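Presented as structure tokens, the chain that follows is alone, the form deposited in one PDB entry.
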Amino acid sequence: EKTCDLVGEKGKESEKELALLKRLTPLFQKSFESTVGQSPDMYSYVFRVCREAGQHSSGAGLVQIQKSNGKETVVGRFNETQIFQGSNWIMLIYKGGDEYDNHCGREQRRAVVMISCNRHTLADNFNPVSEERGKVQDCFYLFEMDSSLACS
């Protein structure tokens, strides 16, 4: 599809989530990236809101590129989106990423993005915070970003 897909058959989706996706529409045409870590784990993270961020038309909402060997790993897909907000933040979650091999019980990767309110920018300061891969399940990659859209 062209945009984010929420849980629930068409018509049985949360009115709250739908309204939030609409609120983030200005960000759809943007692309965000951040390179972090040192060899052999230097990565380049590419994140997009409800739009393809990879190069294989797999529906990746956020990908990780092994700088060493140009390996592209899907961290999360926008067809499995969850989104909710607090008083001055919005959390976006892309599930359905590529499966781990020797971690987290071979579960699919998932991307968690915490968008904090910042009245001075529409979108800025995207950066990978950490990766939790030491659990038997429910692992994830955490990212943060600023946006005036998360201000209520």
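Rigid core: the largest C-alpha set superposing within 1.5 Å between the two forms. Shifts are known only where both forms have a C-alpha. In case it trips you up, residue 1 is the first one in the sequence shown, and so on.
Across the other PDB entries of this protein whose models span the neighbouring residues, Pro40 goes unmodelled in a third or more. In this entry, 66-74 shows the higher mean Cα temperature factor of the pair 66-74 and 47-55. The stretch with the higher mean CA B factor, choosing between 7-15 and 140-148, is 7-15. Out of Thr121, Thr35, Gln108, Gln85, the entry records its largest CA B-factor for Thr35.
Per the PDB record, residue ranking by Cα B-factor puts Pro40 in the highest third of the chain.
Below: the form deposited in another entry, not depicted.
Summarising the superposition on the core between the shown form and the other one, the listed residues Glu99, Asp124, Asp41, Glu33 contain exactly one with a Cα shift of 2 Å or larger, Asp41.
Once both forms are overlaid on the rigid core, the distance between the two CA positions of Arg23 between the shown form and the other one is under 2 angstroms. With a change of no less than 3 Å, the CA-CA distance between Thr73 and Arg133 is smaller in the other form than in the form shown.
In the other form, the Cα-Cα separation between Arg133 and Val46 shrinks by 3 Å or more relative to the displayed conformation. Once the rigid core is aligned, the segments that move between the shown form and the other one, defined as three or more consecutive common residues whose C-alpha shifts all reach 2 Å, run 38-41, 103-105, 131-140.
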